[PDB]
Amino acid sequence: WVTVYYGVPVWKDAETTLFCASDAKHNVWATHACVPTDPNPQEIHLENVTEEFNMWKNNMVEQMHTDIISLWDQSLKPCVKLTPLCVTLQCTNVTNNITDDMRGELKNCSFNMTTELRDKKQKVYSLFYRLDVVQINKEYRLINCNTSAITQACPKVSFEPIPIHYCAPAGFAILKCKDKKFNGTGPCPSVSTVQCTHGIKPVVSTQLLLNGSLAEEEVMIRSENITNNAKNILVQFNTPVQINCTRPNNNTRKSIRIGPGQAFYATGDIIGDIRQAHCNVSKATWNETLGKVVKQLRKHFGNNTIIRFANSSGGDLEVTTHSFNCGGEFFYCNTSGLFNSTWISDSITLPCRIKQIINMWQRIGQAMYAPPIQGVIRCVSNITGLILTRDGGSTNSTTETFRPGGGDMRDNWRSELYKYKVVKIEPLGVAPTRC
Amino acid sequence: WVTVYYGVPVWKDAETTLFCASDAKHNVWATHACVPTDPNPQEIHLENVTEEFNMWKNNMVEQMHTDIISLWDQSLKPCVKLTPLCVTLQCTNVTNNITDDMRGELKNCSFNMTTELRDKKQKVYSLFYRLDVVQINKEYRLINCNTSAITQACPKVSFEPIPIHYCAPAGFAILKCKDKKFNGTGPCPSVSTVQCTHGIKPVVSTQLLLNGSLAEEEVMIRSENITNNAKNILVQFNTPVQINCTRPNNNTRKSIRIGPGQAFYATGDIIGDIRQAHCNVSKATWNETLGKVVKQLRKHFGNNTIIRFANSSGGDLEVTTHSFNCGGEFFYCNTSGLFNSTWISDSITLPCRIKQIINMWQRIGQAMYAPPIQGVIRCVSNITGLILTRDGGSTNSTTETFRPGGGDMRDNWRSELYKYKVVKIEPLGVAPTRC
Amino acid sequence: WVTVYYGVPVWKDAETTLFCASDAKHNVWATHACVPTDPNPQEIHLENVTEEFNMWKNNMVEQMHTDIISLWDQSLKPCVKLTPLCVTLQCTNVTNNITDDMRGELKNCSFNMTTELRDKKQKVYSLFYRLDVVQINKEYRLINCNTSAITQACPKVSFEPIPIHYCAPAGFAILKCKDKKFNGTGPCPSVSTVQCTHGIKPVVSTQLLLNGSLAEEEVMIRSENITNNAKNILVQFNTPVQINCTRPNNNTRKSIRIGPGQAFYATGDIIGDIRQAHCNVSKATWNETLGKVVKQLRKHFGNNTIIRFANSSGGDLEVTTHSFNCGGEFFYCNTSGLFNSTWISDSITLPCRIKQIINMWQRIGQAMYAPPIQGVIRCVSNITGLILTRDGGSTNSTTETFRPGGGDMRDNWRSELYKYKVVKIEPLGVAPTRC
Amino acid sequence: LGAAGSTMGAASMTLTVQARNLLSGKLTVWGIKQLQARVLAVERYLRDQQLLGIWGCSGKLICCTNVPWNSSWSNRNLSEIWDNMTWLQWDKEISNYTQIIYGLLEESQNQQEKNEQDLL
Amino acid sequence: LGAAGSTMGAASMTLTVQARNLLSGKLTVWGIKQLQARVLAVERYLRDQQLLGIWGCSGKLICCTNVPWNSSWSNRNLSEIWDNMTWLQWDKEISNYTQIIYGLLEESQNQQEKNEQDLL
Amino acid sequence: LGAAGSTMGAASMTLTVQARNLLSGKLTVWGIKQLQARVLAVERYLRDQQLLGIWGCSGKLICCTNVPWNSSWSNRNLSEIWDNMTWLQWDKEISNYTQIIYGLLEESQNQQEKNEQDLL
Ligand SMILES: *[C@@H]1O[C@H](CO)[C@@H](O[C@@H]2O[C@H](CO)[C@@H](O[C@@H]3O[C@H](CO[C@H]4O[C@H](CO)[C@@H](O)[C@H](O)[C@@H]4O)[C@@H](O)[C@H](O[C@H]4O[C@H](CO)[C@@H](O)[C@H](O)[C@@H]4O[C@H]4O[C@H](CO)[C@@H](O)[C@H](O)[C@@H]4O[C@H]4O[C@H](CO)[C@@H](O)[C@H](O)[C@@H]4O)[C@@H]3O)[C@H](O)[C@H]2NC(C)=O)[C@H](O)[C@H]1NC(C)=O
Ligand SMILES: *[C@@H]1O[C@H](CO)[C@@H](O[C@@H]2O[C@H](CO)[C@@H](O[C@@H]3O[C@H](CO[C@H]4O[C@H](CO)[C@@H](O)[C@H](O)[C@@H]4O)[C@@H](O)[C@H](O[C@H]4O[C@H](CO)[C@@H](O)[C@H](O)[C@@H]4O[C@H]4O[C@H](CO)[C@@H](O)[C@H](O)[C@@H]4O)[C@@H]3O)[C@H](O)[C@H]2NC(C)=O)[C@H](O)[C@H]1NC(C)=O
Ligand SMILES: *[C@@H]1O[C@H](CO)[C@@H](O[C@@H]2O[C@H](CO)[C@@H](O[C@@H]3O[C@H](CO[C@H]4O[C@H](CO)[C@@H](O)[C@H](O)[C@@H]4O)[C@@H](O)[C@H](O[C@H]4O[C@H](CO)[C@@H](O)[C@H](O)[C@@H]4O[C@H]4O[C@H](CO)[C@@H](O)[C@H](O)[C@@H]4O)[C@@H]3O)[C@H](O)[C@H]2NC(C)=O)[C@H](O)[C@H]1NC(C)=O
Ligand SMILES: *[C@@H]1O[C@H](CO)[C@@H](O[C@@H]2O[C@H](CO)[C@@H](O[C@@H]3O[C@H](CO[C@H]4O[C@H](CO)[C@@H](O)[C@H](O)[C@@H]4O)[C@@H](O)[C@H](O[C@H]4O[C@H](CO)[C@@H](O)[C@H](O)[C@@H]4O[C@H]4O[C@H](CO)[C@@H](O)[C@H](O)[C@@H]4O)[C@@H]3O)[C@H](O)[C@H]2NC(C)=O)[C@H](O)[C@H]1NC(C)=O
Ligand SMILES: *[C@@H]1O[C@H](CO)[C@@H](O)[C@H](O)[C@H]1NC(C)=O
Ligand SMILES: *[C@@H]1O[C@H](CO)[C@@H](O)[C@H](O)[C@H]1NC(C)=O
Ligand SMILES: *[C@@H]1O[C@H](CO)[C@@H](O)[C@H](O)[C@H]1NC(C)=O
Ligand SMILES: *[C@@H]1O[C@H](CO)[C@@H](O)[C@H](O)[C@H]1NC(C)=O
Ligand SMILES: *[C@@H]1O[C@H](CO)[C@@H](O)[C@H](O)[C@H]1NC(C)=O
Ligand SMILES: *[C@@H]1O[C@H](CO)[C@@H](O)[C@H](O)[C@H]1NC(C)=O
């Protein structure tokens, strides 16, 4: 009559703690502590099963964000404090060999620093980027000195993103959406079960999404509400665009002892001449790709519309520029050379700025100081997508303008975790019979 | 023959870790981390069951104390240090509008403070209460500067007591004494089982017990040993007495930046005139209630005795005054206006002092600085009981004197946890049969 | 047919976390937190069982090392920082009553120290041992000030080694080798099972192993590779040798307040006269014992060989001297008076040095300052073994020389844990039958 | 989870596989998660094992009790319910009676099997 | 715990209820306690389940073994012991033989049921 | 572990003793270890209990299944294997077939005992 069965394939939406797994040095994401991954993470296709997903309500994003911020702070905790650098600075311009544009960008600046014996000071100097200092009425102070403590990142810790896999605890599983046109929400017929997600590199950027996964066939346009100007539109490319960034200045660094085992890495003299530290985007590939983006945007606006691009209208560097990190160096590139032109029916170069005092995760307190890197930096990345916003105003006729908005790192995660949801398995149930 | 049974109602006295539950902002007791309470915490009356309790050997008190102190220190850990305030201070009297009694109570005092740039000092001033400074031979230093570091409480953290429920882990239970005349020790016929206690607010005070529970019928007198002058007598009222406290001065505060995101909240100028910040106790209710206390004390001394009250004889402010907290402000009120007169057979006002540097839990190290509150403080509390001590000397004839002694916060807890004990369940046993 | 059995005595080599147990004040090894030991830790002899051990691949050593270092740092964490002592020091010699050898050993030295009020300095002086200061061109600085922060050990924490037992979690067991001639590697017929090891005191020393266990019959010579000059030879005595160490100077200490509850313990004046703080080794016992060591060394080199002893050739004090600790004081004794002479076919006194700034565990960062002890120190220890190295060069003929090498505390552990290995129990298996 | 969208009847001969991975079997970021992940897997596993203990089965995967099926409990033909529809679909309707069914599963069997076999 | 002061005989038909709540099923103050609270509940639960496993019952709440009752073990009438007195009262006297009884419960049953049924 | 070097046959009448201690039943140095030590003991214990659950035994220590012994699995006489040699020695040869045997232990018994007794 009433009978009970145990290993029944029944699951419900659920929220639990997911944990890290990695392929198993000492980088900022401590991915040694994650336990090695499964050499054979075979998915189980669920035959004749439908499922419902919503990337904009997916708590996996919140855990990834929480873990990254916590981990970031953990990694930077046991490091040298730069409190003693908040002193009046005497600065002048570096004028030995200015290559026209880098006119006021580098400053040569001296100060009276604490020494091992705390009764004598040393006169030292270092170079600073314009974005790191504030003139006080040629006297300067470090930017954010009046707001937060500045901590030097430990010089041995790598900032190279390593793929992180998220895994469910036993009794839980992660379902993967295999509908290769899924728009981020609603039913997704054809789902498979995995105990772990694929690896996602914790790449952080604004405006342009780098080194992510690609769309299977078409460029995908995804948004919580495409007609809501308060929401972002994420664009996932179905092809990479190559971007080549450099910081050509040949740098040196000085190690200044501040105290008893406490030392600061100062930007030292620059060898050779000075450069803008620009990025190259293949010209044809970039705008061809935008043509694909436009073709897809039209599906939500009309096939007789005009799609125009424009640059970010204003705000903090993280929302006006292409923020990214190469080798531990922090770049802020000008993308007005990319977000341009209009669709009706060679190389691009982006000037960039370099900044050493970084407030990550858009918090008010806690600043990190990026120590100088001496080797010339070169990095090649895959642009895999965009963060766009639809502009406002009367939005009349058939013409709409999109801009490279950004901020809130949760969207970058969201762009990779959209195919997954967490469910719990409830291996117990009853059914009628005659026994 | 020998048979075994599992879900048998057998329990033994036991000690385990109890955990917090709450009704589920960001106050000092972090009661968000406690998990929501049971909407239906139905007790199980144990029919025909006797039990034995001892409030003076109850380890639930020790856990409540341990948790509160640990929690207190945790909450105050990530806050601004006031070490830089330990400098010579130049102080004078605030004489703009003294209302006779507040003659030497407020001092106007200046010093050379650290600034964001650690090469220049600022001249600042703030107001201090007399109890917070020491004159050094009109030069001053902060009290306890020579003893311990002073830490500013984070300004956003509330000190309003929130009821905390203690809950047993599965396999354990808490037994509740329902004998409504229980004197704190010995057998308590009529006991019920709960998984959780009722909520107890972690109210801290000395001399007068505030905002606690009331006795069911009679005023209860409870002590480990009523004839031992080294022991305290706790008195639980069967009716509240209203006490109204105020701090009428209209305050302002200044925020002084000390360093890179480090700022101190200074008592600023006082708007209007100055007041004693007294407390009102309804006159008739208070002394009527003492008449009830006397009627019950007589049961242990004789019905022909004389009961006299007197104030605390001496010691630290925490044992000579009514220590309490309203809104984060720390009051020390003079209770000599309450503990008076003799029993043979309108409003009371208590002057008070305000102190900002507080050594809680009667420890030598670690001082907390209470930041100023600008709004005028008013609070109404329920006096629910007393801490009394029997005096010494020859204690001759039939006359005995009681005083408002105090200290050791464990007694305040003990006054609420006296009805509970922790037991463990041992669900396994045997009995004879024929099978 | 196929049947399965559960409580089968089958185990495999395994690595798990072992935990502390003790016999259950507040010493540096916090052995209160360990849970009391088993009053009846009866071993189970395994009849007709063989087993294989390797002391040089035994992970129990790595855990003991890891636990000790972590524990050491934990215990010293909540203590007074001595950063303010890194100031220019003005030093002279202590010449009141020099007993010939202690000529430049003690220095009388003054400095301008921070006070409770951070706007006034105090002129103070203290005594230092020669090994703790560096002359800067009679101006001095503390040794290691330019390398690491110096932390004062909390004055109440004992450094007396307490036996620690390691215990396996259920499902695991520790096997003990009972072959009383076991050389540290290979088969060990006759093994017993225990849940816990015997207690091992965490005694730290170099060159001479103190207060360890004794060999059952013969002096044992053990090495990973006895012909490899890069490996150490551990020698376990079958009899103790008495060593008596003293520090006769009658000391005083001063407590200098640096800040708000922060105080330093300075070596104060010395009462009476000055001594070398030497150690006595019974003369006949020591060299007789070496004769036993030689008899056993010959078994690996030839019975016609010459065994010669020589002192450590050079390096840091921890590898050139007998490093040990008595009462919290750190001694560095000269052992050239012991490692001498040649074997073909009264009291020894060792001068010593005292040092207060100690870099334990041979790390570069983190220095600990040993506060002064006022009482005259006397300690008696059991020399239970040696750390020897075979020298190099042409190592020709039949003559070999051994030296008191050392360093790497893991060997001291290894000398006690060599009889144990960790295994896991896999209580499940099958066998054929007919049922 | 391989039974997937197969029907409840079909899904029976595979309960072993799903059951196998239900249990599976410092500090700092990640280390904290790994610890609670292990604790949770254990707690959930036992949370259900005790229930099959009470609903006297123990030797689980499949078991029967002495409780009759109620007509209010989705009275639909067995030819549909245990042949042409999936667990998930079933759970969506039967779950409305979860507590009712569970209370009956515990007591009807224990009241009649225990006591009776103690007398015998 | 509702059986309370009812007698051991009476207290039998309710073992289910008490059994049900025996298992029930970061860091910082409170978080630490919650974690160990969960660990402890599990450890205690299993600590006893294995014992009923060894004293071959498993399908517990009520079970019988092949051990005779000793006359030294509070030899009092069944009409009192399993009718007119409570568990708590019983435990207060019978507990003196706890280890003796337990050793017999484990081995008398396993020595005679196992081995014998392996031969058969 | 007292069975030691006794033979597998001999080692059978003592499985109880070894089984008894398999389960047994802040932060800072040592406190961390004690916590994970407790968690591990539990996890290992259950890791195996579920397996005996699946290889339908439960009422363990000794049990039999419906799987025949393969001739490739160390086909040696019972007079040696279950009389004159130890578990440890046995495990050293039989372990090569661990996964094969385990898969058979799970399914041969569940496929034929379950389903068949549901029909009946
Ligand atoms: C590190 O510090 C520790 C701590 O101090 C040192 O350890 C100490 O070492 C001391 C020397 O070895 C040792 O002292 C010995 O103790 C023995 C134990 O006696 C106990 O019982 C008697 C009974 O009444 C008590 O009175 C006594 O207090 C003890 O409780 C004594 O027996 C030893 O005495 C012998 O040596 C002394 C040395 O001056 C002689 O004066 C004494 O007469 C004894 O010597 C006679 O016997 C020996 C036996 O072979 C003969 O060889 C010798 O020639 C003597 O015999 C002649 O003389 C006697 C008397 O005139 C006569 O009758 C006989 O016929 C012969 O003519 C001695 O007292 C400490 O106890 C010990 N302390 C501890 C705590 O262990 C350690 O060594 C230091 N280490 C180093 C490296 O220095
Ligand atoms: C999108 O995805 C791409 C592809 O994965 C990724 O590009 C990679 O970025 C990382 C990080 O910037 C690059 O890694 C660096 O590469 C340089 C170049 O080395 C070349 O030559 C060596 C010779 O043996 C080869 O082995 C190597 O593969 C290259 O061919 C290395 O020099 C860097 O190592 C140094 O810096 C590290 C920083 O932590 C140190 O950990 C490391 O020990 C090295 O430091 C030492 O040398 C320094 C020299 O000045 C010295 O200063 C230090 O003190 C120390 O001595 C590092 O390997 C990687 O090569 C890129 N991949 C490719 C194909 O170019 C993008 O970054 C990614 N985009 C985003 C936004 O994430
Ligand atoms: C015994 O039991 C009694 C009864 O529960 C208890 O009395 C209560 O004490 C608490 C704490 O002192 C009182 O709470 C404060 O009340 C004032 C008054 O607000 C009135 O008006 C508002 C208007 O909407 C009503 O909502 C409210 O109910 C009252 O009627 C509030 O202003 C206080 O809030 C401020 O301070 C908090 C301190 O952490 C902040 O967290 C909060 O955000 C508010 O701060 C903001 O405003 C400040 C104004 O100057 C500003 O300075 C801050 O920067 C910030 O902007 C708070 O709610 C409570 O009302 C008392 N209950 C009653 C009935 O009076 C006894 O204290 C208790 N005895 C003991 C010893 O524990
Ligand atoms: C190899 O194994 C041996 C044998 O176990 C071991 O020797 C022992 O070393 C320890 C540590 O140095 C010795 O312990 C000290 O002994 C002195 C002497 O006290 C004697 O008299 C008292 C009188 O009642 C007896 O009880 C006692 O047994 C002795 O006979 C003690 O004074 C020491 O205690 C003080 O220092 C401790 C350090 O932490 C404090 O915790 C303690 O509270 C005491 O401090 C107080 O007094 C101080 C006096 O100046 C004062 O300065 C402090 O502020 C405070 O007031 C301590 O007990 C032990 O006796 C040795 N055993 C023997 C038999 O001699 C070897 O050390 C070991 N070798 C190695 C290398 O580990
Ligand atoms: C260092 O201090 C001296 C003091 O007069 C000042 O003149 C000098 O400019 C300071 N140096 C710098 C670089 O600030
Ligand atoms: C600040 O320092 C100057 C230095 O002379 C001193 O005169 C002045 O009184 C100090 N100010 C205060 C308020 O202590
Ligand atoms: C303290 O500072 C004064 C300032 O001139 C200096 O002369 C004196 O030598 C210092 N004292 C010591 C002991 O360094
Ligand atoms: C089963 O199907 C038959 C077909 O006519 C129908 O009459 C009967 O009511 C069905 N039973 C249920 C429970 O739906
Ligand atoms: C049971 O009661 C009868 C009544 O006379 C008594 O004789 C007998 O000894 C009792 N049995 C026990 C075990 O007490
Ligand atoms: C058992 O022993 C007999 C003795 O001759 C031998 O023939 C037979 O093959 C043996 N069986 C096995 C499985 O070894």
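Residue numbers (the authors' numbering), protein chains in the order written: chain A, 35 to 58, 65 to 141, 150 to 185, 189 to 309, 312 to 321, 321A, 322 to 397, 412 to 501; chain F, 35 to 58, 65 to 141, 150 to 185, 189 to 309, 312 to 321, 321A, 322 to 397, 412 to 501; chain E, 35 to 58, 65 to 141, 150 to 185, 189 to 309, 312 to 321, 321A, 322 to 397, 412 to 501; chain B, 523 to 547, 567 to 661; chain I, 523 to 547, 567 to 661; chain G, 523 to 547, 567 to 661. Just so it is clear, CB atoms sit at the ideal spot from N, CA and C, and this is done for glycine as well.
Check your understanding: Can you list, in chain order, the residues of the region 150–172 of chain A whose Cβ is nearer than 8 Å to any Cβ on chain E?
Key -> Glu164, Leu165, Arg166, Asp167 and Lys168
**Study point:** Partner residues on chain F for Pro124 of chain E, Cβ-Cβ distance less than 9 Å
**Key:** Those within 9 Å of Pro124 of chain E in chain F number zero; the least Cβ separation is about 12 Å.
Point to revise | Residues of the region 196–209 of chain F whose Cβ lies closer than 8 Å to any Cβ of chain E, in chain order | key: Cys196, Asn197, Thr198, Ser199, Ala200 and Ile201
Check your understanding: To which residues of the same chain is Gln348 of chain E closer than 6 Å at the C-beta, ignoring the five residues directly before and after it?
Key -> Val270 and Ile272
Review point. Beta-carbon of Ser534 of chain G versus every beta-carbon of chain E: anything under 8 Å?
Key: yes
**Study point:** Length of the line joining the Cα atoms of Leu452 of chain F and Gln287 of chain F
**Key:** 7 Å
Review point. Is the beta carbon of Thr320 of chain E sitting closer than 8 Å to the one on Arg304 of chain E?
Key: yes
Review point. Is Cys445 of chain A near ligand 2, judged by its Cβ being under 7 Å from some heavy atom?
Key: yes
Practice item. Tell me whether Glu648 of chain G sits in a helix, a strand or coil according to DSSP, three-state version. Key: helix
**Study point:** Boundaries of the alpha helix (DSSP H) in which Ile573 of chain B is found, first to last residue
**Key:** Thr569 to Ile595
Review point. Just how far apart, CA to CA, sit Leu259 of chain A and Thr290 of chain A?
Key: 14 Å
Exercise for review: Check whether the Cβ atoms of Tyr40 of chain E and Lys601 of chain G sit closer than 8 Å, and answer yes or no.
Suggested key: yes
Point to revise | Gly459 of chain F (DSSP reduced to helix, strand or coil) | key: coil
Practice item. Please name the residues in the region 614–625 of chain B whose beta-carbon is closer than 7 Å to at least one beta-carbon of chain A, in chain order. Key: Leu619, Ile622 and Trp623
Review point. At least one CB of chain B closer than 8 Å to the CB of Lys567 of chain I: is that the case?
Key: yes
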